[PDB]
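Below is one structure, written out as structure tokens; comments come after it.
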Amino acid sequence: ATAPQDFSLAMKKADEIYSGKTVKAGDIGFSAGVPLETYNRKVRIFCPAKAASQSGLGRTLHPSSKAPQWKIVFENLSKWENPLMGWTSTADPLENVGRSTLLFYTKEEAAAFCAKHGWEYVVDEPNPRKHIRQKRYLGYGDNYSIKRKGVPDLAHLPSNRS
Amino acid sequence: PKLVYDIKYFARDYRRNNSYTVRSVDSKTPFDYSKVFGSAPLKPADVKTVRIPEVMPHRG
Amino acid sequence: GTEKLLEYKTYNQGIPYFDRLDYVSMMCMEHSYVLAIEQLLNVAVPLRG
Amino acid sequence: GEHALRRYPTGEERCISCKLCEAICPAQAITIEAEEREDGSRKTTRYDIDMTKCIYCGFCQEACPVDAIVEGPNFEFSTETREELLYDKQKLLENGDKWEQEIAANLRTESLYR
Amino acid sequence: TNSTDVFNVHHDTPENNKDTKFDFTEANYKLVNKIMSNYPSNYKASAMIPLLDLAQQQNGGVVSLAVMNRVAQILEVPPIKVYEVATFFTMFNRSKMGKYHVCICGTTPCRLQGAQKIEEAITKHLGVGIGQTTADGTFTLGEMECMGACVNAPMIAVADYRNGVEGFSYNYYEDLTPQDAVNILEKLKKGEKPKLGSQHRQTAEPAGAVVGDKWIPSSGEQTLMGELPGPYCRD
Amino acid sequence: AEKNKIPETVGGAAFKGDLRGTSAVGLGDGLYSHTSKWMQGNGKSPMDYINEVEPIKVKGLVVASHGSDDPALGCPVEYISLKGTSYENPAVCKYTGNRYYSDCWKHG
Amino acid sequence: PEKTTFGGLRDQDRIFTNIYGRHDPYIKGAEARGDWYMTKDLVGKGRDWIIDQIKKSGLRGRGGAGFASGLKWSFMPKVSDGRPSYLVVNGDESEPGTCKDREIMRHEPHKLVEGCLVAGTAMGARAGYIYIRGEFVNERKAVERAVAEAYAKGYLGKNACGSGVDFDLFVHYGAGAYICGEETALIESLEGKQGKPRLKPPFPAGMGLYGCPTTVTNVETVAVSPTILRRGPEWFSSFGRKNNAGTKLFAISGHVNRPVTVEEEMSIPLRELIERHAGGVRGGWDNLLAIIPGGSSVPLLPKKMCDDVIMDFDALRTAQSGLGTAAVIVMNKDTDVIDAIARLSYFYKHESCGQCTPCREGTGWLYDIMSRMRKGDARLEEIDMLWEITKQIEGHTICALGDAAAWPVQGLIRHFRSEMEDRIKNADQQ
Amino acid sequence: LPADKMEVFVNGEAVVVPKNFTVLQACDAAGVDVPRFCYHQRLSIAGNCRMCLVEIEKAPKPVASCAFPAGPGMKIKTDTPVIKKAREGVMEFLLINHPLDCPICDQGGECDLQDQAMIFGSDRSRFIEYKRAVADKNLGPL
Amino acid sequence: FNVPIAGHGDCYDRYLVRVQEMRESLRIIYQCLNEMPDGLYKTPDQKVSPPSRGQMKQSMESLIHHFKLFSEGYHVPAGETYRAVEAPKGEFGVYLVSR
Ligand SMILES: Cc1cc2nc3c(=O)[nH]c(=O)nc-3n(C[C@H](O)[C@H](O)[C@H](O)COP(=O)(O)O)c2cc1C
Ligand code: SF4
Ligand code: SF4
Ligand code: SF4
Ligand code: SF4
Ligand code: FES
Ligand code: FES
Ligand SMILES: [Zn+2]
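Heads up: the sequence lines are chains B, U, A, G, V, R, H, D and X, in that order.
Heads up: the first sequence is residues 1 to 162, going by our numbering.
Heads up: the second sequence is residues 1001 to 1060, going by our numbering.
Heads up: the third sequence is residues 2001 to 2049, going by our numbering.
Heads up: the fourth sequence is residues 3001 to 3114, going by our numbering.
Heads up: the fifth sequence is residues 4001 to 4235, going by our numbering.
Heads up: the sixth sequence is residues 5001 to 5108, going by our numbering.
Heads up: the seventh sequence is residues 6001 to 6430, going by our numbering.
Heads up: the eighth sequence is residues 7001 to 7142, going by our numbering.
Heads up: the ninth sequence is residues 8001 to 8099, going by our numbering.
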């Protein structure tokens, strides 16, 4: 969260020095030269959640993470099995491009990219992660507190018994 | 090999120990041409040469 | 499309691309790639290698 | 040369479906899917190699931790149809059986270097 | 050379299995109540170790699955807690045990003064080895660490598991040479009760040392000889 | 029958009544055995080979298994517990499938 | 007590007087020896007065820590917040070289009970527990009889000893574990769980038994406190040097002509102690390979250091060892130091509870390496690896058993590396 | 620092955290990621693995972040060379008795142990002794 | 070795240069053969190079490194570099950008 203090410094500085000229939404998509039916596909802008198997926070939106984590992904299309060898066959050109290469630091960056190309997009915010322990086990001391069974009753004492 | 029973990567970790410092340069301060041409030879005798590096760095 | 294929492979997975860039001189072609990865990785090659 | 899956001297296949050879394949020529066998072993229900997509780099032989997959010494394996060049687990196991002694001798020689 | 218990998990046996039924006898149950009275009612699980010791003494020296389940039911705790505590500590024996449990200390101060030869003589004469019960079942051999008897280094400890809670004794035999150990084990076989404590001397007085197979009687300087000082108060 | 049976494991390296980890390969074709999915012949399967090999007696409560005789020409070194093992119920090397059993735990 | 020279404690200056059991250890003898003399007055003087007197006496803690007793007792809470206070006496005496606590439990039970009363009043503890080793069945019977007698005469309970203070004492016993001697692990064991130490950032004074403020103190400190309040703190302070004042119970074991447990003032020379009370080393002082001064936890000292070494806390710290317990173990030239240190490594591998990674794994690693060195199987670099592993264990564990496992091996490396190198080379040569 | 909030220093940078956080919680708030194995946000603190060890100027020896309460004006160092060495030693102790089952382990690509071995561990081993062996038991169909 | 130089720039001059380059390469090969050292042929670091097979089959850390190098690969620090070599056909360079 402090600073990477590496090549990323010059990367961010190059980012802030330079800027892009504003164009009408969708105009760049015509310049791209790809089939226009590509932009009929719908876009989901989301940040992956943490895998439950691992406890690392790199993939999550955390101050530790310094890598782009917002992906543009397209909706899943038909897949079938090769009759000869049972391989997974597809006709979707955009199957893996968004997952593999379309990574953005901020949600507004991905929204700007989609609006510039003309893709209709829906942004999904990650479920907030707050590292707050519950009151029962707020600290290590709470494990051996009197909360477990109450204050020890002293009615067993020989003086109190007698 | 002295690495068989003596394992310490953080001492021998050069990949993750690189950093970038920052400076600001301004046109107001004049350049030091004394550094560039004061050390330059004026006669053939004063010529100094940099020898070709024989080997690239190795850990040994 | 060699340059774009490299972007989808790991660094070790992309060495044979350089062998096949020039079928006459393979070693020299892969040498520059491994030298560049070594510079970025800050790796020192032993003298025998 | 031509690929071959290998068996232990008991007759049990060396493959343990770690799937490293499929992850390291530069050309994506290996498709592997596995299951638990009835005895309880980790074994592949599918191991097919596209020899029209293979580049014979030998990375898969380097990545295998149990020496299951090896590139055999046979270079006479031309075919008259492309379908015969899509190998499968049974064909690879047959190739390993056919060239077992030569592969074993080559591996014994190679073990000294690496 | 493993000890009695080689398993940290339950080994099903015809003697030890789920169907086996264990319950405290009425007098032992009164002892249970007295044991529990020492600890607060809400924190009743504090009695787990004394109850497990009492059940071991009653059950002839073996902590069975029925014993653990009974203790867990009485303490109103999940059985896994009693399993964990019965497995953690050494004295808890979870396998069948002989009439006598003879334990030889092998830690360093005993090993210098000859614990090795003591165990060798015992295993020769008994004929089974460490961790193995006698074919008759009279002695079960075990090795434990320091017993608190370092000045009287060559020593063994025997537990009487025959009579039960009423007649259980954990006695120390100290300053013993191999022949003395053999004599103690023969006396135990007969049923005669040997000399409690060290054989050659009373307690850790300056009386001598065990060198090799013999006791070298040396008496030099004594300290507490004489009249004891007695009561005193500052004025 | 096999179409409605629960996939089960024989128990050589597993337990007698456990679930078997299964993918959906062969489910459409109608094949429900591991070997059937990849072998279409009627020859002896490698599982048949490994069952034929008999368990080997060893001394101690742990055996080092390298798969082959030479450590660097087989499976990674593995340490197998011999506790609670007999000829009928032997321990198994996960890499190789070799079976082991020992009598040492019974104080022998 | 003379500043120049220390030694030769007289019978009049000995706290533990029936340590050898020549007299009745029970209440009749205890009263005739000066026990329970004027406990009413000492208790009635208030907890503050007792704390200041203990602080002035300079009594440091027996059992290994060496921490000042008065300051530790003063850490106890003054006013209740709804939680009772507890006194637990650590009579668990598991230590490979220490036998001293057993004599106190079996021959002076009433001094310990009276001390528990005094210390519980000093710390405001309503109830007290005397933890005893499970192996000590007869010693436990003696302590229980003492407790019952004190209850019978009203020395314990409500209005204990006639003063307006209330203290109840219980005797609890474990099932055998060296780890259960540690303060937090003892509390966990007495609560009813596995005897696994608790992380210290919560401290037992803050939260202890049943979540309530507790203090764990050794039997010897508890027993010496009442006579410290009777005889006087100046008398206690006179014997030793500065910061190291009292007398301590020295248990001499090993290759000595007479193995003895004896009471002596601290700062006696080790040679003087061994020669006078132990009868000298078997075969003379010349016949010394090494001496372990403070039980097995502390590093051993070679003969050369043992020549001028003085039996004190700070000085043994300067000599790269420690006086954990006064359990001095003597080794002859005949002794194989490697085998004894390997046996200590096996001890620590056996006594680790297994809770934290460094102890649970490194103690077994240490035992394996020491076992190979005991035969010469290892290489010469294996010693440096062993030192590195001992450094890896130290400081990174929950409790001090990792440190106690590392220290003897480090002492062996430091003082007897030559013999290890000899054994390793000769096995290769032959 | 409004009321409940305190101030802590992590690697020389000011972080504002509630008083009830521990050192590991503040380190997460600071953007520093500490290696963990036994600590879990929604489970009781254990402190057994000892992989979270950091440095506190007040404390002589490294403390476990997960179970150490943070204090006002505390300075936390997670990159000191002593911490790197301690991490490597703990990683070695974790791996000495681990089975060489990575190819047959279904955690192969998703293992915390492998990833923290690569990141916070040495590249080589010095263990030549026998490893521990356990016999597995059925815990049910799943 | 000595650089071969011609001046005309015509086809013949380049043919002569290539022949002399073959001779110079033979000289360099002879020097390499005589001075070939003994020791490691790949870098000792196993976080960028695979461990040897016996070493992976005997050590846990080497198996972990083998698995993570043959599945994920090494992570190259963010940076850019252009490295050129004297290829037989001229100067061959790679401009590598790493994030
Ligand atoms: C592994 C281990 C074992 C210990 N065993 C004992 C013991 O048996 N007896 C003892 O008095 N202290 C033992 N201690 C020291 C404990 O901290 C002890 O409860 C405490 O120091 C007593 O404080 P004191 O000096 O005021 O009596 C042990 C410590 C450790 C780490
Ligand atoms: S030789 Fe190379 S391309 Fe061919 S299957 Fe093996 S890894 Fe893939
Ligand atoms: S052939 Fe080797 S690398 Fe490929 S899946 Fe089988 S065991 Fe793994
Ligand atoms: S150091 Fe050893 S005994 Fe202490 S808590 Fe850790 S594992 Fe348990
Ligand atoms: S994948 Fe992880 S858990 Fe499985 S064997 Fe490898 S290191 Fe151990
Ligand atoms: S070493 Fe055996 S009782 Fe102390
Ligand atoms: S995460 Fe395991 S000790 Fe803190
Ligand atoms: Zn094997």
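Yeah, the Cβ is synthetic: ideal placement off N, Cα and C, and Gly gets one too.
Chain-ordered chain X contacts of residue i [CB-CB under 7 Å]
i, result
"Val5077(R)", "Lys8057 and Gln8058"
Chain B contact residues for residue i, given Cβ-Cβ distances below 7 Å
i, result
"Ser7044(D)", "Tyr137 and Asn143"
Proximal chain C residues relative to residue i, where beta-carbon distance stays under 8 Å
i, result
"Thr2(B)", "Among the protein chains in the structure shown, which are B, U, A, G, V, R, H, D and X, there is no chain C."
Proximal residues of chain D, C-beta to C-beta of residue i below 8 Å
i, result
"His6350(H)", "None at all; the shortest Cβ gap to chain D is about 15 Å."
"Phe8067(X)", "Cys7102, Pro7103, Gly7108 and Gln7114"
"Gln8046(X)", "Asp7123 and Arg7124"
From the options, residue whose alpha carbon lies closest to that of residue i
i, options, result
"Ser6296(H)", "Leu6273(H), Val6309(H) and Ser6345(H)", "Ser6345(H)"
"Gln4202(V)", "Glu4174(V), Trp4215(V) and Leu4188(V)", "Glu4174(V)"
"residue 6431(H)", "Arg6276(H), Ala6315(H) and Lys6028(H)", "Nothing can be reported for residue 6431(H): it is not among the residues displayed for chain H, which extend from 6001 to 6430."
"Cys3064(G)", "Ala3034(G), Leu3093(G) and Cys3025(G)", "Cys3025(G)"
"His4125(V)", "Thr4020(V), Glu4227(V), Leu4141(V) and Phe4168(V)", "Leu4141(V)"
"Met4144(V)", "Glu6095(H), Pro6408(H) and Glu6149(H)", "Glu6095(H)"
"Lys4081(V)", "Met4048(V), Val4062(V), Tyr4100(V) and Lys4096(V)", "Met4048(V)"
"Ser6352(H)", "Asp6384(H), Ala6406(H) and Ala6315(H)", "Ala6406(H)"
"residue 3117(G)", "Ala3068(G), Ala3105(G) and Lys3091(G)", "Here chain G has residues from 3001 to 3114 only, and residue 3117(G) is not among them."
Short Cβ contact (8 Å threshold) for residue i with residue j
i, j, result
"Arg6145(H)", "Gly6174(H)", "no"
"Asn4042(V)", "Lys149(B)", "yes"
"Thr7078(D)", "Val7016(D)", "no"
"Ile6389(H)", "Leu6366(H)", "yes"
"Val6118(H)", "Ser6225(H)", "yes"
"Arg4094(V)", "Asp4005(V)", "yes"
"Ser6267(H)", "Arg6230(H)", "no"
"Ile6341(H)", "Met6370(H)", "yes"
"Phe74(B)", "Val43(B)", "yes"
"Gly6063(H)", "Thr6261(H)", "no"
"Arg7124(D)", "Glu8061(X)", "yes"
"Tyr3113(G)", "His3003(G)", "no"
Nearest-angstrom Cβ-Cβ length linking residue i and residue j, presumed shorter than 8 Å
i, j, result
"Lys8047(X)", "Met7118(D)", "7 Å"
"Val5058(R)", "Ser5081(R)", "With 8 Å as the limit, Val5058(R) and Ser5081(R) do not qualify as a contact, their Cβ atoms being about 12 Å apart."
"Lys3089(G)", "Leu3020(G)", "Going by Cβ atoms, the distance from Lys3089(G) to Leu3020(G) rounds to 17 Å, so no, they are not a contact pair."
"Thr4090(V)", "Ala6177(H)", "7 Å"
"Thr8043(X)", "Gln2039(A)", "That pair is no contact at about 14 Å."
Where residue i meets chain R, residues with beta-carbon distance less than 9 Å
i, result
"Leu8063(X)", "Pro5076"
Contacts that residue i makes with chain B (C-beta to C-beta distance below 8 Å)
i, result
"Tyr1020(U)", "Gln5, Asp6, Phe7, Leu9 and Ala10"
Within chain H, the residues that residue i reaches when beta carbons sit closer than 9 Å
i, result
"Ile4049(V)", "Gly6134, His6172, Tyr6173, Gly6174, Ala6175, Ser6189, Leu6190 and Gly6192"
Residues that residue i contacts on chain X, provided the C-beta gap is smaller than 9 Å
i, result
"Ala7067(D)", "Result: empty, since nearest Cβ-Cβ is about 28 Å, beyond 9 Å."
Chain-ordered neighbours of residue i on chain A, where CB pairs are closer than 9 Å
i, result
"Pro8077(X)", "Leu2040, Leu2041 and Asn2042"
Original post:
Hey, which residues come within less than 6 Å of ligand 3, measuring from Cβ to any heavy atom, in chain order?
Top reply: Selection output, chain order preserved: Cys3015(G), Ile3016(G), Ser3017(G), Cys3018(G), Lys3019(G), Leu3020(G), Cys3021(G), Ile3032(G), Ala3063(G), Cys3064(G), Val3066(G), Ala3068(G) and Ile3069(G).
**OP:** Starting from the N-terminal end, write out each residue whose C-beta falls within a distance shorter than 5 Å of any non-hydrogen atom of ligand 6.
**Re:** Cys4105(V), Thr4107(V), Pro4109(V), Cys4110(V), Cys4146(V), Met4147(V), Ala4149(V) and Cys4150(V)
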